[PDB]
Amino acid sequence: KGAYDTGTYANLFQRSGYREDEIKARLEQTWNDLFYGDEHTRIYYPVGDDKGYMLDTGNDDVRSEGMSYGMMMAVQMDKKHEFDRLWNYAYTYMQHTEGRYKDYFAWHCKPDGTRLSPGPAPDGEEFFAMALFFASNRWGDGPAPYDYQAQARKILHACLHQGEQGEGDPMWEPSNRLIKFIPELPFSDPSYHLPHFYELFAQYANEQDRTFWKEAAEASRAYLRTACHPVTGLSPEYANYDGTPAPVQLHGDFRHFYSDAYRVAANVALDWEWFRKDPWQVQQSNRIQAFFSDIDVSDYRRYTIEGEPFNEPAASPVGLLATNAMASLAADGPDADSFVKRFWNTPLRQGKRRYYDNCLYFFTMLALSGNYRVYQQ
């Protein structure tokens, strides 16, 4: 039985030998550095009386992934003031009130709130919805826009029913219950698949959509079994509905293992911890850890999914290490303890390119300390 049933969350740092007091302190120190740290470390910036944003330091913009990530970090750490500031920013500047993207969020804007392009990034919407359901369950609903449960249901309504609402498109393909890369294109991004979140959408979303969310959970677990390489455990950034790498796109070649694909190992391991439904998830976690067991983080590259290294280095090697270590929630092989200790000894990234690494880092620090939890009711 998973943590959803038992209420017990594995403290992998404690199992590795770290003291409960040091683990708590390290998690609180990670939060303080990311949200209130110095100018070379922090990624959260308050705005006036009631807003705040998560800055993509590398691109000098604010992304719906990043805002939704910040809200999930905040609710898991019981930080309601920061949650409400991030949510108010996303609600005020990024969420569409009309047109083909009604109730979706512009995927990026300038820090001042100016939208840069109207189209969404579906992984943003699913983190916004999960974080808002947890806000409702931990803290209770306030007046709009802080009526968390109704806001979450409104987002997931649009995710499934946008084509009925007007000229746009839903974020899930109805015929196969799989999330799409963007509403308009007929392929997916394996890192967007969160079967563990869809299990909870099946409990918390509008009653009419609960059967769909439960089928989406099963379809996504099966989809990941097709998308992850059976030898290396590596997955492509973009994949066809059948799990093979999607064709080269106008904006780049996403057939390889790079930034987006890092989250797959993290997502598989958390579904295993929460629901414990697909034992393949243990072997997938063992495979990716075995692949990286003898590779230095400073030497991480782009890889073909069959494990051929490019000369090109990883842009977010600390992010990749974080997701490899989060796989210890599921992995039972010879490398699981080593990755937990290597992660413990790795500090937050600093400087211009810190954003993506530091988001993935914080979620691993939550999960390995036993603090990435389901908030029920």
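Heads up: residue numbers just count along the shown sequence, starting at 1.
Visitor: Out of 163 to 171 and 75 to 83, which one has CA B-factors that are higher on average in the deposited record?
Guide: Stretch with the higher mean C-alpha B-factor: 163 to 171.
Visitor: Going by the average Cα B-factor in the PDB entry, point out whether 138 to 146 or 269 to 277 comes out higher.
Guide: 138 to 146 has the higher mean C-alpha B-factor.
Visitor: Using the temperature factors in the entry, find which of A121, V297, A202, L194 has the highest value at its Cα atom.
Guide: Top of the list by C-alpha B-factor: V297.
Visitor: Highest Cα temperature factor in the entry, among the options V318, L27, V62, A325: which one is it?
Guide: Comparing C-alpha B-factors across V318, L27, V62, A325, the top value belongs to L27.
Visitor: Tell me, lowest, middle or highest third: where does the Cα B factor of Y18 rank within its chain?
Guide: It belongs to the highest third of the chain when residues are ordered by C-alpha B-factor.
Visitor: Would the CA B-factor of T364 place it in the lowest, middle or highest third of its chain?
Guide: For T364, the deposited C-alpha B-factor lands in the lowest third.
Visitor: Looking at the C-alpha B-factor of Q350, is it in the lowest, middle or highest third of its chain?
Guide: Highest third, going by the recorded CA B-factors of the chain.
Visitor: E207: which third of its chain by C-alpha temperature factor?
Guide: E207: CA B-factor falls in the highest third of its chain.
Visitor: When the modelled residues of the chain are sorted by Cα temperature factor, does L329 land in the lowest, middle or highest third?
Guide: Middle third - that is where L329 ends up once the chain's C-alpha B-factors are sorted.
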